[PDB]
Amino acid sequence: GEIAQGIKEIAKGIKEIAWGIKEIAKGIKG
Amino acid sequence: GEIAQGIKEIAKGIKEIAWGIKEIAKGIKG
Amino acid sequence: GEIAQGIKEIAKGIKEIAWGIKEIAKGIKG
Amino acid sequence: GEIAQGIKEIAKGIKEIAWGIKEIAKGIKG
Amino acid sequence: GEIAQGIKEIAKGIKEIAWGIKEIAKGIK
Amino acid sequence: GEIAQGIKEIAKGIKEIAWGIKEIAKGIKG
Amino acid sequence: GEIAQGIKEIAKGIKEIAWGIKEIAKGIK
């Protein structure tokens, strides 16, 4: 259960990186 | 099943990062 | 236990990357 | 099989990130 | 034990990436 | 064996990201 | 053993990313 929870927290962090990269792409296009 | 679901969510986030990086590459090349 | 702890430490580092990427996006946006 | 498939999808997305990063390096060198 | 050690070495490297990214954000600012 | 192969494919893609990041560093330093 | 070896190769690649990101931060600075 602690392994499944760690993996889910990785997935959450990866989604937050994807959001940040999209914000960089928008900044560059500005 | 929760481990397989976490790994699939990581894969989804990584694909969204790939899309964002490609958008940055296109923005810079503009 | 050591595997679950290592995975949690990966998740912590990935969150720190997400914060850094957000700070880059803010810098680019001015 | 679902775990092996998720891991393979992570590998595919990571290779797509590598391609994008190489295109950023090309854009900067322009 | 070799798997746990490899995972811990990934964690260490990811933290060092985080520090570098923060330094980029400071450089841009 | 399918899990070991997926992990090795992730390792390959991570090395290709490392190469691209180094090419960015060289581009900027130019 | 093949799983432990793959994880160790990921750790090596992550450390090389960390080095590259540090070089970017130095370049911007």
# chains A, B, ... in the order shown; residues from 1 in each chain; ligands from 1
call {"tool": "calpha_fit_rmsd", "arguments": {"fixed": "chain E", "moving": "chain G"}}
result
0.1 Å
call {"tool": "residues_around", "arguments": {"residues": "residue 13 (chain A)", "least_positions_apart": "2", "cutoff": "12 Å", "atoms": "only C-alpha atoms", "output": "PyMOL selection string"}}
result
(chain A and resi 6-11+15-20) or (chain B and resi 6+9-10+13-14+17) or (chain C and resi 8-21)
call {"tool": "closest_atom_pairs", "arguments": {"of": "chain G", "to": "chain E", "cutoff": "6 Å", "atoms": "only C-alpha atoms", "output": "Markdown table"}}
result
| residue | atom | partner | partner_atom | distance |
| --- | --- | --- | --- | --- |
| G:4 | CA | E:3 | CA | 4.9 |
| G:7 | CA | E:6 | CA | 5.5 |
| G:8 | CA | E:6 | CA | 5.1 |
| G:11 | CA | E:10 | CA | 4.6 |
| G:14 | CA | E:13 | CA | 5.6 |
| G:15 | CA | E:13 | CA | 5.0 |
| G:18 | CA | E:17 | CA | 4.5 |
| G:21 | CA | E:20 | CA | 5.5 |
| G:22 | CA | E:20 | CA | 5.1 |
| G:25 | CA | E:24 | CA | 4.6 |
| G:28 | CA | E:27 | CA | 5.9 |
| G:29 | CA | E:27 | CA | 5.5 |
call {"tool": "atom_distance", "arguments": {"atom1": "CA of residue 24 (chain D)", "atom2": "CA of residue 26 (chain A)"}}
result
15.0 Å
call {"tool": "atom_distance", "arguments": {"atom1": "CA of residue 23 (chain B)", "atom2": "CA of residue 30 (chain A)"}}
result
12.5 Å
call {"tool": "atom_distance", "arguments": {"atom1": "CA of residue 5 (chain F)", "atom2": "CA of residue 4 (chain C)"}}
result
22.1 Å
